[PDB]
Amino acid sequence: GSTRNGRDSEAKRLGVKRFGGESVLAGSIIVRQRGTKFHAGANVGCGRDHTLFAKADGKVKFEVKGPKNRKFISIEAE
Amino acid sequence: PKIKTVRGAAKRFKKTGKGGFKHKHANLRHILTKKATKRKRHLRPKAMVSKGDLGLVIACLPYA
Amino acid sequence: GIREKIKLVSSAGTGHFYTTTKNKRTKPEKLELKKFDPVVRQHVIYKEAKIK
Amino acid sequence: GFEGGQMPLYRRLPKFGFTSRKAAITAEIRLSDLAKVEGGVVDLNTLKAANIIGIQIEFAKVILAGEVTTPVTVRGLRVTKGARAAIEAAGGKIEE
RNA sequence: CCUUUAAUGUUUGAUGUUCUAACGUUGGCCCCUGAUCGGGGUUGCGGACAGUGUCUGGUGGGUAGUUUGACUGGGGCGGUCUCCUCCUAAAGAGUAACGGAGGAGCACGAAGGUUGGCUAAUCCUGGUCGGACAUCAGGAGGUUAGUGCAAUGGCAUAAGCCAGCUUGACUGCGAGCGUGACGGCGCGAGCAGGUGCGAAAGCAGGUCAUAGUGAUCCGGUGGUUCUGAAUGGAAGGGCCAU
RNA sequence: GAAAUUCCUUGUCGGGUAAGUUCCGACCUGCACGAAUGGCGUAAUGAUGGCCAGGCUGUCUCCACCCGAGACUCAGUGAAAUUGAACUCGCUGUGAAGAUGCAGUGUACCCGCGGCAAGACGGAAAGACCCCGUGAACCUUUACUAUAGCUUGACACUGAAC
RNA sequence: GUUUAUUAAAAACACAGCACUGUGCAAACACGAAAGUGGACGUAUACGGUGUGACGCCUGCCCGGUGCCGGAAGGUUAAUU
RNA sequence: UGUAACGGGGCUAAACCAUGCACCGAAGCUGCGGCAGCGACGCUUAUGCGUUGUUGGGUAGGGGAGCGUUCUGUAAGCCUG
RNA sequence: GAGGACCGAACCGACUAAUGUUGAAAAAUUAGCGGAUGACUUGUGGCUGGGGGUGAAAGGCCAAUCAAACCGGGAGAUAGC
RNA sequence: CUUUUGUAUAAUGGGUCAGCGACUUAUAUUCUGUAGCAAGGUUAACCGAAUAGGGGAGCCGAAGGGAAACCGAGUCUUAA
RNA sequence: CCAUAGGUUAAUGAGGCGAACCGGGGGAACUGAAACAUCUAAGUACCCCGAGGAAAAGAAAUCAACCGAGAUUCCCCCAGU
Ligand SMILES: [Cu+]
Ligand SMILES: [Cu+]
Ligand SMILES: [K+]
Ligand SMILES: [K+]
Ligand SMILES: [K+]
Ligand SMILES: [K+]
Ligand SMILES: [K+]
Ligand SMILES: [K+]
Ligand SMILES: [K+]
Ligand SMILES: [K+]
Ligand SMILES: [K+]
Ligand SMILES: [K+]
Ligand SMILES: [K+]
Ligand SMILES: [K+]
Ligand SMILES: [K+]
Ligand SMILES: [K+]
Ligand SMILES: [K+]
Ligand SMILES: [K+]
Ligand SMILES: [K+]
Ligand SMILES: [K+]
Ligand SMILES: [K+]
Ligand SMILES: [K+]
Ligand SMILES: [K+]
Ligand SMILES: [K+]
Ligand SMILES: [K+]
Ligand SMILES: [K+]
Ligand SMILES: [K+]
Ligand SMILES: [K+]
Ligand SMILES: [K+]
Ligand SMILES: [K+]
Ligand SMILES: [K+]
Ligand SMILES: [K+]
Ligand SMILES: [K+]
Ligand SMILES: [K+]
Ligand SMILES: [K+]
Ligand SMILES: [K+]
Ligand SMILES: [K+]
Ligand SMILES: [K+]
Ligand SMILES: [K+]
Ligand SMILES: [K+]
Ligand SMILES: [K+]
Ligand SMILES: [K+]
Ligand SMILES: [K+]
Ligand SMILES: [K+]
Ligand SMILES: [K+]
Ligand SMILES: [K+]
Ligand SMILES: [K+]
Ligand SMILES: [K+]
Ligand SMILES: [K+]
Ligand SMILES: [K+]
Ligand SMILES: [K+]
Ligand SMILES: [Mg+2]
Ligand SMILES: [Mg+2]
Ligand SMILES: [Mg+2]
Ligand SMILES: [Mg+2]
Ligand SMILES: [Mg+2]
Ligand SMILES: [Mg+2]
Ligand SMILES: [Mg+2]
Ligand SMILES: [Mg+2]
Ligand SMILES: [Mg+2]
Ligand SMILES: [Mg+2]
Ligand SMILES: [Mg+2]
Ligand SMILES: [Mg+2]
Ligand SMILES: [Mg+2]
Ligand SMILES: [Mg+2]
Ligand SMILES: [Mg+2]
Ligand SMILES: [Mg+2]
Ligand SMILES: [Mg+2]
Ligand SMILES: [Mg+2]
Ligand SMILES: [Mg+2]
Ligand SMILES: [Mg+2]
Ligand SMILES: [Mg+2]
Ligand SMILES: [Mg+2]
Ligand SMILES: [Mg+2]
Ligand SMILES: [Mg+2]
Ligand SMILES: [Mg+2]
Ligand SMILES: [Mg+2]
Ligand SMILES: [Mg+2]
Ligand SMILES: [Mg+2]
Ligand SMILES: [Mg+2]
Ligand SMILES: [Mg+2]
Ligand SMILES: [Mg+2]
Ligand SMILES: [Mg+2]
Ligand SMILES: [Mg+2]
Ligand SMILES: [Mg+2]
Ligand SMILES: [Mg+2]
Ligand SMILES: [Mg+2]
Ligand SMILES: [Mg+2]
Ligand SMILES: [Mg+2]
Ligand SMILES: [Mg+2]
Ligand SMILES: [Mg+2]
Ligand SMILES: [Mg+2]
Ligand SMILES: [Mg+2]
Ligand SMILES: [Mg+2]
Ligand SMILES: [Mg+2]
Ligand SMILES: [Mg+2]
Ligand SMILES: [Mg+2]
Ligand SMILES: [Mg+2]
Ligand SMILES: [Mg+2]
Ligand SMILES: [Mg+2]
Ligand SMILES: [Mg+2]
Ligand SMILES: [Mg+2]
Ligand SMILES: [Mg+2]
Ligand SMILES: [Mg+2]
Ligand SMILES: [Mg+2]
Ligand SMILES: [Mg+2]
Ligand SMILES: [Mg+2]
Ligand SMILES: [Mg+2]
Ligand SMILES: [Mg+2]
Ligand SMILES: [Mg+2]
Ligand SMILES: [Mg+2]
Ligand SMILES: [Mg+2]
Ligand SMILES: [Mg+2]
Ligand SMILES: [Mg+2]
Ligand SMILES: [Mg+2]
Ligand SMILES: [Mg+2]
Ligand SMILES: [Mg+2]
Ligand SMILES: [Mg+2]
Ligand SMILES: [Mg+2]
Ligand SMILES: [Mg+2]
Ligand SMILES: [Mg+2]
Ligand SMILES: [Mg+2]
Ligand SMILES: [Mg+2]
Ligand SMILES: [Mg+2]
Ligand SMILES: [Mg+2]
Ligand SMILES: [Mg+2]
Ligand SMILES: [Mg+2]
Ligand SMILES: [Mg+2]
Ligand SMILES: [Mg+2]
Ligand SMILES: [Mg+2]
Ligand SMILES: [Mg+2]
Ligand SMILES: [Mg+2]
Ligand SMILES: [Mg+2]
Ligand SMILES: [Mg+2]
Ligand SMILES: [Mg+2]
Ligand SMILES: [Mg+2]
Ligand SMILES: [Mg+2]
Ligand SMILES: [Mg+2]
Ligand SMILES: [Mg+2]
């Protein structure tokens, strides 16, 4: 006999690229994600594939804010 | 006898001032409607040959 | 793959064209859009034509 | 260039450009070359006589490279802006 | 001298008949000649046919040169081969098996941009036809709905639903970054030009995101302040779009 | 017609035998006979295939004796394959997984000669099976690409008249 | 009768007989760039090719496929022009 | 195939548990002597010397430094009846 | 006095068995076996040549060689083994 | 010895000795060392009786960018 | 019938051999392309004809580029352009 399985897709290398406290340059990707598990905070942008990236030089900061206890990433100016 | 150039490589690489090679990007010959303008625009300028490929290019082009 | 390629030709006479696709069975009417012509550097009307 | 059978680099990239016959008969002249000719007049013939340009060169351009410290007359060549400034400052002249 | 229409000296076309002089003769006779070869002569038969050369369509295992994939708990047979989603995967990334499960090879000038507005499923009760389920009203409920199509991650400030105006599904670029052995692929503020929506702050370089794909060569089409084998052109080539 | 064909199958029935997967005669349920890549018969023929019987016998029960030629001893002549090196035992275990050579243990004074082949994965031939190599050959064909031959027409050699 | 000289002698090959088919003679056919030669100093009661295989009784149905044979009104189609 | 499921002998501990102190045991560590690689610190006749720390198992393979053989020059020299 | 008639030596074969298998022999010996006036057998000489011959057909045979002889050459073919 | 994940292996090769038996040669190219000269370096064929000397035809280097025309310490891109 | 073909005689020449080099008529495949057909190997190997001490080629219906060169042959560059 044979199997009807045997397929998969290539790994997409998502996840956090710069962790809390890391110094980054403007433009740096901070996290790659499907949809907004993390949300964009101060000095952070959200791209068309929901990548969060730095809009200014500084240090990465994660926090939980708002009425829904959501996770936000911001850049602290250094 | 004299080493023979690989003529096909000579048609696709040119040596630059510090000794690298410039080349034309792939993917801009046809099937163009379905590609974004940003992608095509970034394929238009010539690029440099990568470090892992420099050896193959140099082997093909002894008189470059 | 029923959608067919088409070109949108500038009305400014520059020869500039964009390309796109169209479902010709459901929308037989010609596509017409204002788009930027980089030759004359203005937005003008562009009209559907055959792809070539 | 063989890579094990994968389309090799020199064939997965595209060809580009054309080769210009006029480039093969055009040469560049340095400022330091100007004093090397015989007689103080720089033209195609005197450069060829001094072995500065090849026998089949039909067009030459003087560029700002090296220095000129003597008055020279340049005749029938193209001169860059910087080279023209250097030649005139050294006391020469450029004739079309 | 223009529309049209009859005929021949007259040019080649196809058919048919006749002719002889090219050409055939493995019919008779004569000579070279002591010769069933050959040649010449003569006569009969055939005759512009046949046959051969060059070109050309068909047929052509008669003959030739070759091809006839890989993975694989041996090979064959069967199944598979690129792309996307989950799990295996050991809480960063990555991670194998002919391991466990599903999808793609598109769709859309609106299903895209923007401004303004809105909020689901399901059930209960009352109500003409009307019923288990149509539309109406109220209540409960709180996303159990929805998302153009798998699955996962998302989504109320909605990314879900409705409407007005529209073409940013713009052109040139791009700090910086991600991901690849490489070819490549991806995210991206911001700058110049021109544009749509909004009073405005602003948003817009396609679509909730992640599949919807094919290098190079060879050529085709349009454009072009490039090239142009003596020179001016042209052919061909380059560059840009396709 | 269960066959030079029948898988199931030693089909089933009859015959022959004490007993018959073969044989002979039938049945037909012909996996998958069949009419000139002939069907069904057929006297004669066959170093042809199968089966039965009489005769015959050392084929056998079950071997015995004998006659010769070797084998064995003496004299003369004088090979071979093979061979890393050998001071070249058994057993149980171990271990590239079936040991003369390791471990433990048992047995064993040194050396010939006639015999036998259980082992030295004994000798012989770079496995012929199987797989692999982008190896070979020769064969096939409605595989691909060609091509001799065969066939078509145009022009030439090739002319006249109606 | 023949055969795998050297592991197969046979039920294989051949065979007389049978049929189909080609061939009008410079025969078809075969060897051969060709000239020629065989076929044959033969001429359809002859010669080649193919299948079957003494003899006896026989040899049924199918021409849709592939081939061969005939047809040539039409469609398509080469060089050439 | 033969004890053949402590390696054997043998063992009632020479078995097992617990506690303790001795000892044996390797190319490990130390002692004594020697050689080499690398690095520091100083001398120096600038390429060796001294002091010091440390290193020195190796297949594919990379790097370094040498032995010997024949032939040419040095050599009509030098050794050799 | 016919006959691919019959029995059977020479002659031509090669069905069975034993032996032999570093042979007496690179295919034989021994005991038996088939044909033996024929499509028989044999001597001498001739002819056919390698994608070619010849083949009562076994891919048989073509000098102890045959699904393409032997010799020389391309030639140190190529060999991811 | 070889080959291997791994061989006392009952995997391979060798009866023994002696002699022979396998990374070369030419040209081109790049890198290292070393020597000469140095913004220069060097000649080829050839001439020459000449390892001299002549011969600088040439080749490499002192400039790049651009498909190219072209511009040039800049240039290309683009209307910028 | 003139003739021609044919026949006889005489004079002169040719033929055959040889290692390479040379001109001409024909002309592979292995191989490489990591398969293979275009292509390559290569106008090579090989077969054939002919010459000479050499052969062949040779006195522009050639190049160049608006300036000029001035038959053929051979060597170094140009340029692995
Ligand atoms: Cu036609
Ligand atoms: Cu003669
Ligand atoms: K006649
Ligand atoms: K004719
Ligand atoms: K033809
Ligand atoms: K054929
Ligand atoms: K497996
Ligand atoms: K297995
Ligand atoms: K995971
Ligand atoms: K919209
Ligand atoms: K809208
Ligand atoms: K990259
Ligand atoms: K063009
Ligand atoms: K020219
Ligand atoms: K052009
Ligand atoms: K039956
Ligand atoms: K049957
Ligand atoms: K029975
Ligand atoms: K038949
Ligand atoms: K019959
Ligand atoms: K028989
Ligand atoms: K019988
Ligand atoms: K032992
Ligand atoms: K034995
Ligand atoms: K293959
Ligand atoms: K063979
Ligand atoms: K027989
Ligand atoms: K036979
Ligand atoms: K007949
Ligand atoms: K009969
Ligand atoms: K009869
Ligand atoms: K039929
Ligand atoms: K038919
Ligand atoms: K027709
Ligand atoms: K030391
Ligand atoms: K001496
Ligand atoms: K005879
Ligand atoms: K044959
Ligand atoms: K022979
Ligand atoms: K052959
Ligand atoms: K070995
Ligand atoms: K091995
Ligand atoms: K092995
Ligand atoms: K073995
Ligand atoms: K070996
Ligand atoms: K070198
Ligand atoms: K050097
Ligand atoms: K510019
Ligand atoms: K070939
Ligand atoms: K190959
Ligand atoms: K092959
Ligand atoms: Mg995944
Ligand atoms: Mg293009
Ligand atoms: Mg010069
Ligand atoms: Mg005659
Ligand atoms: Mg074939
Ligand atoms: Mg071949
Ligand atoms: Mg396979
Ligand atoms: Mg299959
Ligand atoms: Mg993970
Ligand atoms: Mg982990
Ligand atoms: Mg791993
Ligand atoms: Mg792995
Ligand atoms: Mg997998
Ligand atoms: Mg599928
Ligand atoms: Mg809104
Ligand atoms: Mg950058
Ligand atoms: Mg602006
Ligand atoms: Mg406004
Ligand atoms: Mg798009
Ligand atoms: Mg949408
Ligand atoms: Mg979507
Ligand atoms: Mg082509
Ligand atoms: Mg011209
Ligand atoms: Mg011109
Ligand atoms: Mg049976
Ligand atoms: Mg039975
Ligand atoms: Mg019975
Ligand atoms: Mg029966
Ligand atoms: Mg039958
Ligand atoms: Mg049948
Ligand atoms: Mg019939
Ligand atoms: Mg039949
Ligand atoms: Mg039949
Ligand atoms: Mg029969
Ligand atoms: Mg019968
Ligand atoms: Mg017989
Ligand atoms: Mg004796
Ligand atoms: Mg064991
Ligand atoms: Mg054992
Ligand atoms: Mg003995
Ligand atoms: Mg014995
Ligand atoms: Mg053996
Ligand atoms: Mg083997
Ligand atoms: Mg083959
Ligand atoms: Mg015979
Ligand atoms: Mg035999
Ligand atoms: Mg026999
Ligand atoms: Mg005849
Ligand atoms: Mg004839
Ligand atoms: Mg004849
Ligand atoms: Mg038959
Ligand atoms: Mg019909
Ligand atoms: Mg017909
Ligand atoms: Mg026992
Ligand atoms: Mg013990
Ligand atoms: Mg204790
Ligand atoms: Mg010790
Ligand atoms: Mg130690
Ligand atoms: Mg010490
Ligand atoms: Mg150590
Ligand atoms: Mg060591
Ligand atoms: Mg000496
Ligand atoms: Mg008889
Ligand atoms: Mg015989
Ligand atoms: Mg006998
Ligand atoms: Mg008889
Ligand atoms: Mg007899
Ligand atoms: Mg031959
Ligand atoms: Mg056979
Ligand atoms: Mg023989
Ligand atoms: Mg062959
Ligand atoms: Mg060769
Ligand atoms: Mg060889
Ligand atoms: Mg193994
Ligand atoms: Mg061991
Ligand atoms: Mg042993
Ligand atoms: Mg061994
Ligand atoms: Mg081996
Ligand atoms: Mg051995
Ligand atoms: Mg080497
Ligand atoms: Mg330059
Ligand atoms: Mg001669
Ligand atoms: Mg090949
Ligand atoms: Mg060639
Ligand atoms: Mg002579
Ligand atoms: Mg001459
Ligand atoms: Mg001449
Ligand atoms: Mg003139």
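Residues numbered from 1 in each chain as written, not as in the entry; some residues may be left out. Chains lettered and ligands numbered in written order. Part of a larger assembly, values for the part shown. Heavy atoms only, no water.

(A) Local environment of the overall build of chain D. The number of helices and strands found in chain D is 3 helices and 6 strands. When the helices and strands of chain D are listed from N to C terminus, the series reads α-β-β-α-β-β-β-α-β. Over its C-alpha atoms chain D spans a radius of gyration of 20 Å, topping by over 25% the 12 Å that the globule rule assigns to 96 residues. Its C-alpha atoms give chain D principal-axis dimensions of about 65 × 25 × 20 Å. Here chain D holds 96 residues, and the buried ones make up 32% of them. (Helix = DSSP H or I, 4+ residues; strand = E, 2+ residues; numbered from the N terminus. Rg over C-alpha atoms; globule rule 2.2 N^0.38 Å. Buried < 20%, exposed > 50% of the residue type's maximum accessible area, 1.4 Å probe, protein only.)

(B) Structural context of the UniProt feature "domain: Large ribosomal subunit protein uL15/eL18" (unreviewed entry) in chain D. Feature annotation in UniProt places "domain: Large ribosomal subunit protein uL15/eL18" (unreviewed entry) on residues 36-95 of chain D, given in this structure's numbering. In this annotation, residues 36-95 of chain D is assigned 27% helix and 23% strand; the end-to-end C-alpha distance for the span is 19 Å. (UniProt positions renumbered as here; feature names shortened; annotations may be inferred.)

(C) Representation of the arrangement of the chains in the model. Ranking by contact count across 2 pairs of chains in contact places chains B and D at the top. At their nearest point, the C-alpha atoms of chain A and chain B are still 14 Å apart, with no contact between the two. A minimum C-alpha distance of 23 Å separates chain C and chain D, which share no contact. (Contact = heavy atoms within 4.5 Å.)

(D) Fine view of the pattern of salt bridges. In the structure shown here, the tally under the stated rule is 7 salt bridges over all chains. Here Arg 84 of chain D ties to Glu 88 of chain D by a salt bridge, and the two come within 3.8 Å at their closest N and O atoms. Taken together, the residues span about one helical turn, with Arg 84 of chain D and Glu 88 of chain D both in helix α3 (residues 81-90) at a distance of 4 residues. Beyond isolated ion pairs, a larger network of salt bridges with shared partners links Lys 22, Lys 30 and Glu 48 of chain C. (Salt bridge = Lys/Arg side-chain N within 4 Å of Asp/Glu carboxyl O.)

(E) Spatial organisation of the side chain of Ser 10 of chain C. All names here are of chain C. With respect to the helices and strands, the residue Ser 10 is situated in strand β1 (residues 4-10). Only 3.1 Å separates the side chain of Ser 10 from the backbone nitrogen of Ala 12, close enough to count as a polar contact. Apart from residues lying up to four places away in sequence, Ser 10 is in contact with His 16, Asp 37, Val 44, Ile 45 and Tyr 46. (Polar contact = N/O pair within 3.5 Å; in protein donor to acceptor, adjacent residues only side chain to side chain.)

(F) A look at the sheet that holds strand β3 (residues 29-32) of chain A. If you walk across this open sheet you meet the 4 strands as β1-β3-β6-β5 (chain A), and the pairing is antiparallel. Each of the sheet's edge strands pairs with one partner strand only, and the pair in question is β1 (15-16) and β5 (44-46) of chain A. (Pairing = 2+ DSSP bridges.)

(G) Representation of the interface of chain D and chain B. At the junction of the two partners, chain D supplies 11 residues and chain B supplies 18 residues. The contact between chain D and chain B buries some 1300 Å² in all, and 71% of this surface belongs to carbon and sulfur atoms. Across the chain D-chain B interface, the total number found is 0 salt bridges. Applying the counting criterion to the chain D and chain B interface returns 4 residue pairs in polar contact. Tallied by class, the residues present in the side of chain D that touches chain B amount to 6 nonpolar, 1 polar and 4 charged. (Buried area = accessible area lost by both parts, 1.4 Å probe. Nonpolar A, V, L, I, M, F, W, Y, C, P; charged D, E, K, R; others polar.)

(H) Representation of the environment of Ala 56 of chain A in the model. Inspection of the secondary structure assignment puts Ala 56 of chain A in the loop between β6 (52-54) and β7 (58-65). Here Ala 56 of chain A is in contact with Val 24, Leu 25, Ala 26, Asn 43 and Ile 75 of chain A, once residues within four sequence places are set aside.

(I) Highlighting the packing of aromatic side chains. On inspection of all chains with the given rule, the structure shows 2 aromatic pairs over all chains. Ring centres of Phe 38 of chain A and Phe 62 of chain A lie 5.6 Å apart, and the angle between their planes is 70°; on these two criteria the pair is classed as edge-to-face. Within this pair, whereas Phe 38 of chain A is found in the loop between β3 and β4 (39-40), its partner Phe 62 of chain A is found in strand β7, the two being separated by 24 residues in sequence. Among the residues examined, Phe 38 of chain A registers a relative accessible area of 16% and is labelled buried. Ring geometry for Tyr 18 of chain C versus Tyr 46 of chain C: centroids 5.2 Å apart, planes at 70°, classification edge-to-face. Here the residue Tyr 18 of chain C occupies a position in strand β2 (residues 17-22), and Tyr 46 of chain C occupies one in strand β4 (residues 42-49), the gap between them amounting to 28 residues. (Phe/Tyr/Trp six-rings, centres within 6.5 Å; stacked < 30°, edge-to-face > 60°.)

(J) Structural detail: the sheet that holds strand β4 (residues 73-75) of chain D. Residue and element names in this part refer to chain D. The strand order across the open sheet formed by 3 strands is β2-β4-β6, and the pairing between neighbours is parallel. The open sheet has two edge strands, β2 (41-42) and β6 (93-95), and neither has a second partner. Where β2 meets β4, 2 bridges bridge the pair, whose relative direction is parallel. Each bridged residue has a counterpart across the sheet, and for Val 41 the counterpart in β4 is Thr 73.

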